[PDB]
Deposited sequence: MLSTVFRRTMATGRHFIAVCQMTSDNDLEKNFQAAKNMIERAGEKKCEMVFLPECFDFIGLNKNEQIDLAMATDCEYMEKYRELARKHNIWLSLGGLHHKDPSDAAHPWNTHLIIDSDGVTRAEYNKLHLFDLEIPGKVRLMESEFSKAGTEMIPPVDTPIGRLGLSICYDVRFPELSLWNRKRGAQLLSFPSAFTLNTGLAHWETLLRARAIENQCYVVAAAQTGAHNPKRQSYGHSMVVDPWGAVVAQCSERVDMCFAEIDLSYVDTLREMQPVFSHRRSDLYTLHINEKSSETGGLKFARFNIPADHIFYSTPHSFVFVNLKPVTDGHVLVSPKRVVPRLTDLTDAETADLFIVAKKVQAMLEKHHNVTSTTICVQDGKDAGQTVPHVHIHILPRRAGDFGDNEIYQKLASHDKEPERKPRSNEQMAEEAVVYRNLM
């Protein structure tokens, strides 16, 4: 994976409702980024456009794989450079009334390597005073995207308002991010007070470079952005920033500096996990079985998994729907688990419970945990018995037949 020094360029622009003009601006900077042999170029949120009306910023929503986007993918190839499209107006075939705010990272091939959907939207609705609903022009993302590996390092993905919620960034760092990102279209009055401080703060708390390509100037009579597109190092210093205008800045991030800081200031090893736990709901994929004590549970027997736990079908179902929920960390007692695990184990149990009832169509479930010899534990590895109930109350090939049905319901 990425290591050492890497040269990158951050783009600042003032997008119109004139998609061609907007494109030309960007293309011009990307070309210059290539000329300087940058490995990656970052563009701001709303890089595609910023319409006058909303029947406009919903009518122009693209497909991520459209003819406009191809112009970008074509550029990435042409200049052998990765791209960070800060926040595309992602049209949703089903709900055209609510596009997505998608941050895309593209290959030197033009191949999308990652997509992140703005998770936090601004919704203010004060009875008879003011009503500004971002959730009216767009739609929030539904899941947590982990950082992506790039030639310049582990890049955490976020967008604008996201910067305001520390939990999201702490998580990305925990998932091994080296650089955080916050392409944005900040307000002049908000940005002039919170932009630099919030970005520098994120970089310092997570000890990561922060790359924030932004919108600046007036997009139209009723909209102006703060600008100040910058790059912050893992120590909180602003090592690169654009001048007040449509232009770019350059930075040479050094992944080694990140390592040095994390080593000399092990903050993430100082967190009192015995007092607080930042739980995140993440859905991971198991391209290989998992250890249930000494036994090996086949990936085809697992229908849901997260970085802390997994759910697998039983070899001796005490009743239809009877599955198991155990922590990836091989541990026998519940009292041996850490809050992160305890919390994730039962929140997963909750997600699984609801699904088993929608399927086996019932309205009752029993959660049992045999922790100890005297309690009936037949295997030294914590497992939650989740068994749906009704009125009454194994084929290795048929066990994966069950696991498949559930996997599509999780």
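K.L.:
Missing C-alpha stretches, by deposited numbering?
P.N.:
1 to 9, 403 to 423 are the stretches of the deposited chain that have no C-alpha coordinates in the structure.
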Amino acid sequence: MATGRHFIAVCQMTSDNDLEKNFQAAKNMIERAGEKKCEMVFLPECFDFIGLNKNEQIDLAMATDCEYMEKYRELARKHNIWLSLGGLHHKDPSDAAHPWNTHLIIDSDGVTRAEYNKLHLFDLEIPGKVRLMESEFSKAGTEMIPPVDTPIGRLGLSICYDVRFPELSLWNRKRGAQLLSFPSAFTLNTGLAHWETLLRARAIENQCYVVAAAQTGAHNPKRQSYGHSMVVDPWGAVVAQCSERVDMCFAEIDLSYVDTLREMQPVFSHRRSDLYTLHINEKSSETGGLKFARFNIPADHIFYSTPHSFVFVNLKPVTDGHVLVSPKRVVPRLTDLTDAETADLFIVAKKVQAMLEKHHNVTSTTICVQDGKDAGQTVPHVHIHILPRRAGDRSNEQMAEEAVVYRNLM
From here on, numbers count along this sequence of modelled residues.
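K.L.:
Quick one: higher average CA temperature factor, 366 to 374 or 343 to 351?
P.N.:
Higher mean C-alpha B-factor in the PDB entry: 366 to 374.
K.L.:
Using only the Cα atoms and their B-factors as the entry lists them, report which of 131 to 139 and 186 to 194 averages higher.
P.N.:
Per the deposited B-factors, the answer is 131 to 139.
K.L.:
Based on the PDB record, which member of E252, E244, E115, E125 exhibits the highest Cα temperature factor?
P.N.:
Highest C-alpha B-factor among the listed residues goes to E125.
K.L.:
Per the entry's Cα B factor values, which of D162, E263, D149, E286 stands out as the maximum?
P.N.:
Across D162, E263, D149, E286, the entry lists the biggest C-alpha B-factor for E286.
K.L.:
Compare the C-alpha B factor of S395 with those of the other modelled residues in its chain, then answer lowest, middle or highest third.
P.N.:
CA B-factor rank for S395: highest third.
K.L.:
Looking at the C-alpha B-factor of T338, is it in the lowest, middle or highest third of its chain?
P.N.:
Answer is middle: the recorded C-alpha B-factor places it there.
K.L.:
When the deposited Cα B-factors of this chain's modelled residues are ordered and cut into thirds, is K78 in the lowest, the middle or the highest one?
P.N.:
Its C-alpha B-factor belongs to the middle third of this chain's values.
K.L.:
Would you check the entry's CA temperature factor for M13 and let me know if it's in the chain's lowest, middle or highest third?
P.N.:
It belongs to the middle third of the chain when residues are ordered by C-alpha B-factor.
K.L.:
What third of its chain's C-alpha B-factors does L19 belong to: lowest, middle or highest?
P.N.:
Answer is middle: the recorded C-alpha B-factor places it there.
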